[PDB]
Amino acid sequence: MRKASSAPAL
Amino acid sequence: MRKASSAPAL
Amino acid sequence: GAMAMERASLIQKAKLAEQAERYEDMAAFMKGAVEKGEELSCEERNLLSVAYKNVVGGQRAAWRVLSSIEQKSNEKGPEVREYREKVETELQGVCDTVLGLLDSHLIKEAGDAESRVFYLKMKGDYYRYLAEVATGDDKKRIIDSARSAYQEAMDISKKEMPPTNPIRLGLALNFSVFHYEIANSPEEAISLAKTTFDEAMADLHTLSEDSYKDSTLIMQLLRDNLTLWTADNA
Amino acid sequence: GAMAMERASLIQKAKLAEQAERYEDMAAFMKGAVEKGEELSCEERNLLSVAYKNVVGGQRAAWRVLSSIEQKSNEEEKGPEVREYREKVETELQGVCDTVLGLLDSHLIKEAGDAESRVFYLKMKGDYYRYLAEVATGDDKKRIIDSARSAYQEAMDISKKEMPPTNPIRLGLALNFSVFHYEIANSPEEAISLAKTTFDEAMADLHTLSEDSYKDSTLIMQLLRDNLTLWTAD
Ligand SMILES: [Cl-]
């Protein structure tokens, strides 16, 4: 399982 | 003038 | 007065560091500005976040490269371990600095809901970045601290913010990542992402065009993780 | 004795830093390897160069961003912040250049060794005096420019006597010397002449060029043409 996406730079 | 290109790695 | 002028200079230097892509410098400038003792505006909160996320993000990526190399190399010297541990220590120090700043200056009982959620989510995030590299009893404590911070931000967001609010969405996203990748709770990660996406979807028709793009941006990430996690590939 | 083991470890850690894109770390590991007193192989030479190129490259790009803002800070907020931060970055950049030039003079530049080795290090000496010249002003600027030119000229004299026109080290030297002519010495016609002569003489031998150097020489040839187009646009 690859690393999931977290909240981006706003 | 924009920065000229110089020799790359390797 | 003096404080205002000094703070304004550090913010300006943080912005200069940003444009020069000098993120360690930027982080130190924003840290100094925080320590002037005044609240951060939304823009300034984002400058703080950008700076430290770039710093730790570069360390995280380096740490993952070295762990991958370590796996296959260990499949012969201690160099990979030593150097991975060097990157670990540096990454732990940056998170420690951020967490201290959040606790000593930024996390307050006062302030709008967005600001309180912003900083508590950030606290969960940097504990989560610590958990990625921690082992043993230290890992269990860090994980508890991450959950505690995320849960506190979640409580506020569910009580004070709409289901489509992008800061609320970003928190749920990251907490779901915490469940999956850190807390070893895949069903909770999937459930939380699903609920967050669905509850946001139900309110999209009410949003402006600008709010809609901000909300949908994070909703796609939730979908992306759900599709990733819900697959018999492994 | 065990130095050879430590040197091997520093080289291995430099390769790990490179894969992790940790160029400051890489440069320091290679500095340590150089200071074991043994001469560098072609591979180790390129590791040293790659590490410091990336370090100063980030500093130079940051310095250019800041200098541009400073030159244009006249037309919103103004204030000494830009100059102060630019000077900080400049001082850091100078410190790295001094370190490399000190290593070259102390361990790497020798009378003996093959021609390609001597050319490589004298070109590197020209290069890092050139980076110093990019930010130098007034008094020491003439000295630094003269030091860059003397290094480039000695390298050039060696390359033209002992190496083919398509040799990648000779080509990369001529490229950098033509940049020096244009950007540092304000000799645009000389820069264009050297780049054109370098390109034309290599193009006339490319049919022979060994496949081992094809890409390296080809890439430099591409860059010579890029600069010519940039410089002869008028
Ligand atoms: Cl408070």
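Chains as they are written, first to last, in the entry's author numbering: chain C, 96 to 105; chain D, 96 to 105; chain A, -3 to 71, 77 to 235; chain B, -3 to 71, 75 to 233. We treat Cβ as the ideally placed atom computed from N, Cα and C, and that holds for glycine.
In terms of side-chain proximity, the C-beta atom of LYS109 (chain A) is found nearer than 7 Å to a non-hydrogen atom of ligand 1.
Taking a Cβ-Cβ threshold of 9 Å, the residues of chain B close to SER5 (chain A) are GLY78, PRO79, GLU80 and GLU83, in chain order.
If you look at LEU102 (chain B), you'll find it in the alpha helix (DSSP H) that goes 80 to 102. The C-beta of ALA132 (chain A) comes no closer than 8 Å to any C-beta of chain C. Contact annotation for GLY171 (chain A) against chain C: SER101, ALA102, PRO103 and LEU105 [CB-CB distance below 9 Å, chain order]. Fewer than three pairs of CB atoms, one per stretch, sit closer than 8 Å, so the stretch 88 to 103 of chain B makes no contact with the stretch 2 to 14 of chain B. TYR127 (chain B) is a Cβ neighbour of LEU100 (chain B), given a cutoff of 8 Å.
Taken atom to atom, the span from the alpha-carbon of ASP113 (chain B) to that of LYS9 (chain B) is near 27 Å.
Rounded to the nearest whole angstrom, the CA to CA distance from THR231 (chain B) to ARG3 (chain B) is 47 Å. Using a CB distance cut-off of 8 Å, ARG56 (chain A) does not count as an interface residue toward chain B. Cβ atoms of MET155 (chain B) and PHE176 (chain B) come within 8 Å of each other, at about 6 Å.
For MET202 (chain B), the enclosing alpha helix (DSSP H) begins and ends at 187 to 202. For the 8 Å CB-CB criterion, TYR151 (chain A) and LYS122 (chain A) form a contact. Separation of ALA0 (chain A) and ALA47 (chain A) (C-alpha to C-alpha, rounded to the nearest whole angstrom) is 21 Å. The straight-line gap separating the alpha-carbon atoms of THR228 (chain A) and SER216 (chain B) is approximately 46 Å.
By the rule that beta-carbons nearer than 8 Å mark a contact, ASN175 (chain A) touches chain C.
Against chain B, the beta carbon of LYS9 (chain A) has neighbours under 7 Å at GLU80 and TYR84, listed in chain order. DSSP, read as helix, strand or coil, puts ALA154 (chain B) in helix.
For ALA194 (chain B) and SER101 (chain D), the gap between their C-alpha atoms comes out near 11 Å. Remark: C-beta atoms of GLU20 (chain A) and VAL51 (chain A) approach each other more closely than 8 Å.
In this structure, the beta-carbon distance from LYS140 (chain B) to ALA147 (chain B) does not fall below 8 Å. The C-beta of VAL118 (chain B) comes no closer than 8 Å to any C-beta of chain A.
Burial is judged here by how many other beta carbons sit within 10 angstroms of a residue's own beta carbon; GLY171 (chain A) has at least 16 and is buried. By the Cβ rule, the stretch 61 to 70 of chain A does not count as touching the stretch 33 to 45 of chain A, because fewer than three pairs are nearer than 8 Å.
Only exposed fits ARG142 (chain B), as fewer than 16 other CB atoms lie within 10 angstroms of its CB. Between the alpha carbons of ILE183 (chain B) and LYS124 (chain B) lies a distance of about 15 Å. Interface residue (Cβ-Cβ distance to chain B less than 8 Å): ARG142 (chain A) is not classified as such. Taking a 10 Å sphere around the C-beta of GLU76 (chain B), we find fewer than 16 other C-beta atoms and assign the residue as exposed. Not a single CB atom of chain B sits nearer than 8 Å to the CB of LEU43 (chain A).
A check of alpha carbon separations from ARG41 (chain A) across A:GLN55, A:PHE198 and A:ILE7 identifies A:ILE7 as the nearest. Within the same chain, and ignoring the five residues on either side of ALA29 (chain A) in sequence, the residues whose Cβ sits closer than 6 Å to its Cβ are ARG3, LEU6 and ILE7. Taken through DSSP and simplified to helix, strand or coil, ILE108 (chain A) comes out as coil. Interface residue (Cβ-Cβ distance to chain D less than 8 Å): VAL46 (chain B) is classified as such. Rounded to the nearest whole angstrom, the C-alpha separation of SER116 (chain B) and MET162 (chain B) is 11 Å.
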